[PDB]
Amino acid sequence: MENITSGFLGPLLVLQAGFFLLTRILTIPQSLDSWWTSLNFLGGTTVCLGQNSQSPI
Amino acid sequence: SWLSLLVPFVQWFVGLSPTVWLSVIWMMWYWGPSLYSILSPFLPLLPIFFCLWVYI
Amino acid sequence: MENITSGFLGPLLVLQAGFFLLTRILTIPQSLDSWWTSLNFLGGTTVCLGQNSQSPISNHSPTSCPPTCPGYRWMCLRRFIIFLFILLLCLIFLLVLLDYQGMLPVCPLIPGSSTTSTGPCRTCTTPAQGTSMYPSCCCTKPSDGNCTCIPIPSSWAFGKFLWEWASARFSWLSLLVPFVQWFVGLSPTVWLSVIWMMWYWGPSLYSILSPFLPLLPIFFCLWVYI
Amino acid sequence: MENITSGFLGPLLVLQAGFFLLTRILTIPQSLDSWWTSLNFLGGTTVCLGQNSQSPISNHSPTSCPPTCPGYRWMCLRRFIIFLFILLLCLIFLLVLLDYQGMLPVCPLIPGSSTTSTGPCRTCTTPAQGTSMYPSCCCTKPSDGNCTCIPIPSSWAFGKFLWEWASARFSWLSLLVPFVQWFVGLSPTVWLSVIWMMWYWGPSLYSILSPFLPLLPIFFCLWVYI
Amino acid sequence: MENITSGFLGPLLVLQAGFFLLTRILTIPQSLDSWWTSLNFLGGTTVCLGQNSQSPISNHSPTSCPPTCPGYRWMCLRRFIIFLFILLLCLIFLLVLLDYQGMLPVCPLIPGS
């Protein structure tokens, strides 16, 4: 509106608006990853594949 | 329209030879995890408004 | 009612942007601390061995050693020093980016005879003092009135003139520049192989060459005598 | 002997001086490990993370617990990174020293009617869009125009000219020149006070402002609406 | 814009926009609560006041008894009082801001020619 016309926030506004869409898209990737993980789990669960003791985790 | 501008960007960059894709494939992949982890400090996309004012 | 909604939406976006900017600024010290810890430790402990048990002795002392143990203290001083170092470092990148824009100036003044002008010279420069060096070109020569020197080149600009000027101080480096030309003359599909071989053997090559240091001076003396 | 002795010793003296320089460089690496520990002094002591139970050795400071085998790629990589940072710092220091020299021209541009000496304008009229950083001013214009332009003026102001060039981008920052001037005045007393104050401030003023940090955006937005 | 004119989201849009401001204001209350807690701590820390064993909770710290641990009702009352105080303070600050606006007069009087 008036503030948009009277300010240079437009580039920052675009960066922020795309940030929300980028976050949603990135969540879509992890969400699909979890969905497939459950699918392959097929009524099951698992640990990280190479979760070896040679790691402080 | 900026997508059309990036189309020439892809034309000149992606339109490279096998001698460039070969380097970009494997060695970049090895640094790719490290590069992604480093880019995490720039995950706030500060360079985004950076080049935004660059255009400004 | 329509006008109020737009202002409310704009203020919320402004607040979110400010919060994101502050979070990024703070995480810059956090990311720097994480990188420094990874470099120093590379598989070490981060319990902040400088932590103290005079307060809750839970191992919550981060790389920043939160709060009590150092905390708002020597650890915070290190964090602020790292932030200042980062602010200094980004200035170099900003300067390089601004320089390679062609707003940047590279007005050079070195001894030469290259000519590109319209109906030039026939008076030229006759300076028999101050060697061959040239001063600011308002009119460099002691008696030059119609003088015109050389304009900044779009290519390189800052750095190229300094390189040329310093090549006089160390001509051997200028002579050795042929090796740099050969290395640049190497094909693009050679850097990866060079790095891989260097990474594979560079530690071993340095270790083996460290004992070889005495052998090199004898060969150098023989070559000098020859 | 004499010259023949000098000629023979040229290689020997070269080897000796090169080994002294290599000792200085290794100290630069050893001292770099020292500042790495100083950063780790926030964390604490200097136990080796790279040293492991394999290759039976003792424990020492982070640089030299069986460094080569135990340090392996991690210690070498950290040393190389520190050496690169040190070289970058040396380059920055050299650039600053060359900047303060004033041999380098800034070769700037600004609109004005001033002249260092007797300069006849002869109706100097040819303007252009973006008067700052105009054409080379080798009388590059629709005609010659009887042009006289700026030489590289004598001041540690090569960066000052760049700032003036970029000053137009943000007028508010230039408007803060009054606070800059006030900071310029009484700086030794200001330094003498803020050295202790900021140390005290760094301890608790940041913590105090932390609650105020979220409050600032709301008030700033409220004022901007006006 | 066009979507706003062609949709009834305006009420929902207002509800969502006020939600962000309400969240920021509520955070301001808890943020001030933490700030004062540190101030009273005065380079210290503490546990939740009435954090007694007659509650299936761990060692809550200060403003950590949410609504069932200990006298969380009293903690909530203190939070509400602090929120009212912060509201009064920010209202006073806003009044002081507009004070130098010049729209308001002082409408004073003094003897002179």
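Residues numbered from 1 in each chain as written, not as in the entry; some residues may be left out. Chains lettered and ligands numbered in written order. Part of a larger assembly, values for the part shown. Heavy atoms only, no water. Residues with missing side-chain atoms left out of burial classes, pairs and counts.

Per the deposition metadata, cryo-EM was the technique used to determine this entry, at a resolution of 6.6 Å.

*Asks:* Please provide a residue-by-residue account of the overall build of chain E, values included.
*Replies:* Each helix and strand counted, chain E has three helices and zero strands in total. Reading the secondary structure of chain E in the N-to-C direction produces α-α-α. By the compact-globule yardstick of 13 Å for 113 residues, chain E is too spread out, its C-alpha radius of gyration being 23 Å. Here the C-alpha coordinates of chain E stretch approximately 75 × 60 × 25 Å along the principal axes. (Helix = DSSP H or I, 4+ residues; strand = E, 2+ residues; numbered from the N terminus. Rg over C-alpha atoms; globule rule 2.2 N^0.38 Å.)

*Asks:* Requested: an account of the overall build of chain C, with residues and values cited.
*Replies:* Looking only at helices and strands, one finds six helices and zero strands in chain C. Secondary structure elements of chain C occur, N-terminal to C-terminal, as α-α-α-α-α-α. The C-alpha radius of gyration computed for chain C amounts to 30 Å, which surpasses the reference 17 Å derived for 226 residues by more than 25%, pointing to a less compact arrangement than a globule. Considered along the principal axes of its C-alpha atoms, chain C spans approximately 85 × 75 × 40 Å. Counting contacts in chain C only where the partners sit at least 6 residues apart, residues at least 24 apart contribute 28% of the total. (Contact = heavy atoms within 4.5 Å.)

*Asks:* Describe the relation of the copies chain C and chain D, and please don't skip the residues or the numbers.
*Replies:* Mapping chain C onto chain D calls for a rotation angle of 179° and an axial translation of 0.6 Å; the resulting RMSD is 3.0 Å. A rotation of that kind, with that shift, is consistent with a two-fold axis. (Least-squares fit on C-alpha atoms.)

*Asks:* Lay out the arrangement of the chains with the relevant residues and their values.
*Replies:* Summarising the chain contacts, six pairs of chains touch, and the pair with the most contacts is chains C and D. Chain B shows no contact with chain D. Their nearest C-alpha atoms sit 10 Å apart. Spatially, chain A is disjoint from chain E: no contact exists, and the shortest C-alpha separation is 10 Å.

*Asks:* Hey, could you go over the interface of chain C and chain D for me, with residue numbers and the actual values?
*Replies:* On the chain D side, the residues contacting the 23 residues of chain C number 20 residues. Looking at the side of chain C that touches chain D, the elements that each hand over two or more residues are α1 (2-41), α2 (74-99) and α6 (215-225) of chain C. When residues of the side of chain C that touches chain D are assigned to their parent elements, the largest contribution, three residues, is made by α2 of chain C.

*Asks:* How would you explain the UniProt feature "transmembrane region" in chain C if you had to name every residue and give the values?
*Replies:* All names here are of chain C. Listed under "transmembrane region" in the UniProt record, and renumbered for this structure, are residues 8-28, 80-100, 175-195 and 202-224. Its end C-alpha atoms 30 Å apart, residues 8-28 is made of 100% helix and 0% strand. Helix makes up 91% of residues 202-224 and strand 0%. Its end C-alpha atoms lie 29 Å apart. (UniProt positions renumbered as here; feature names shortened; annotations may be inferred.)

*Asks:* Quick rundown of the state of the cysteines? Include the residues and the values.
*Replies:* As used here, a disulfide is simply a covalent bond connecting the sulfur atoms of two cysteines. Residue and element names in this part refer to chain D. Here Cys137 pairs with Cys149 through a disulfide, and the sulfurs are 2.0 Å apart. Between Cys137 and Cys149, the S-S torsion sits near 85°, and that sign places the bridge as right-handed. Of the two residues, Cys137 sits in the loop between α2 (72-101) and α3 (158-167) while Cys149 sits in the loop between α2 and α3, which places them twelve residues apart along the sequence. What pairs with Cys139 in a disulfide is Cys147, and their sulfur atoms sit 2.0 Å apart. Linking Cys139 and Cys147, the disulfide has an S-S dihedral of approximately -125° and is accordingly described as left-handed. (Disulfide = S-S within 2.5 Å.)

*Asks:* Before we move on, can you summarise the packing of α2 of chain C against helix α1 (residues 3-43) of chain D with the specific residues and values?
*Replies:* Packed helix pairs are specified by the crossing angle of their axes together with the interaxial distance, meaning the distance between the axes. Relative orientation of the contacting elements α2 of chain C and α1 of chain D amounts to 135°, with a least axis distance of 8 Å. Classified by the angle between their axes, α2 of chain C and α1 of chain D sit oblique to one another. Two packed elements cross with a definite hand, and for α2 of chain C against α1 of chain D that hand is left-handed. Two secondary-structure elements touch here, α2 of chain C through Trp74, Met75 and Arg78 of chain C and α1 of chain D through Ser38, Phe41 and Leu42 of chain D. (Axes fitted to C-alpha atoms, helices over the stretch in contact; angles between N-to-C directions. Parallel < 35°, antiparallel > 145°, perpendicular 65-115°, else oblique. Left-handed = near helix turned anticlockwise from the far one by under 90°.)

*Asks:* Before we move on, could you go through unusual backbone geometry and cite the residues and values that matter?
*Replies:* Although it is not a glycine, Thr131 of chain C sits at a positive phi angle of roughly 55°. Inspection of the secondary structure puts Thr131 of chain C in the loop between α2 and α3 (160-169). One non-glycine residue with positive phi stands out, namely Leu186 of chain D, at about 55°. Topologically, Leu186 of chain D is positioned in the loop between α5 (177-184) and α6 (187-225).

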